[PDB]
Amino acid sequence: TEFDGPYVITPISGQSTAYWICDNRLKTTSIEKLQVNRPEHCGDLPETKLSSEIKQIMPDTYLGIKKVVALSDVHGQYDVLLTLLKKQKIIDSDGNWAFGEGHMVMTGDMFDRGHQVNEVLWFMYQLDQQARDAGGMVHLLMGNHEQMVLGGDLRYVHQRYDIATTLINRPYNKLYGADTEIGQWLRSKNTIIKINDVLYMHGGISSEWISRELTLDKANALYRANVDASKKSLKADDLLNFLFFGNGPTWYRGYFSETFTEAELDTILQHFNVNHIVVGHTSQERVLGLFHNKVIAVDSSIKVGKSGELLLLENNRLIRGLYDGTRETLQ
């Protein structure tokens, strides 16, 4: 049988309510002053204190950040994420943020394929709040699977979540709908950000972005306002169509094409006045650089459920952080 959740409903006024799947049955609890507490007989599903701060919209451009860590495409593999962050000493063994005033960029795709999606989400919500408390930040970016799940494209959701949708009687997209805590938190997030001289997004930026004279702020605001729209309306708008489909920031795989050129990459770098672009989405066997490290791939195949790696940007170095805790300088 399954243990899964919580799924928290947070109304515009009043207390929230938590839904728990416990031994393939539903338990529902009223939340008392922001403490999300697990009912009896329900495994050790995560408990969280709700936070309003981390659902506030934050800037998408940052200056002077001394150290950054980036990783991506966890795809519901909590055990792997936790071990990697423990090995690399980003968290303490208790799982609490230990990275000080550093910034973490998770470049999308927390959802789908894996069987520990809510463990990943509540862990990242906790880390988001703890980072802020320490003067640092977690940037949870939206990947193509965040967009798919929130929008109702449920092709890649693990079978186990059929228990939650049946018992709670909501389709999976509405288990993360706008009246849910996690759905509100996600709807506050950015899709493309810039930290120092590095640009971060899930898939990559195509030359079409330039043609369309887009900006970070305009794209991130449109992503927030439309992640809820139908495919037909997305399809219908020329710019939303670009943003949400295959040549856009969350699906583009062009940097990984054997025909893509450094020349074209250089025009993108020049456009954004950056020296590097950090992307997930296209899975690699390790964190690696392309084009003389102008692109760093940080989808390290955590989705396979065995291991993963991260990128550290600190002291003007680019460092590969391995699953065993070791480090190798990329640049």
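We number the residues from 1 along the sequence you see.
- As listed in the deposited structure, the average C-alpha B-factor of 278-286 and of 36-44 is greater for 36-44.
- Comparing the deposited coordinates for 309-317 and 6-14, the stretch with the larger average C-alpha B-factor is 6-14.
- The residue among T61, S52, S301, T28 whose C-alpha atom has the highest B-factor in the PDB entry is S52.
- Highest C-alpha temperature factor among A131, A164, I193, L214 per the entry: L214.
- Remark: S207 belongs to the highest third of its chain, ranked by C-alpha B-factor as recorded.
- Sort the chain's modelled residues by C-alpha temperature factor and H145 lands in the lowest third, per the entry.
- The deposited CA B-factor of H158 belongs to the lowest third of values across its chain.
- Remark: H115 belongs to the lowest third of its chain, ranked by C-alpha B-factor as recorded.
- Remark: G95 belongs to the highest third of its chain, ranked by C-alpha B-factor as recorded.
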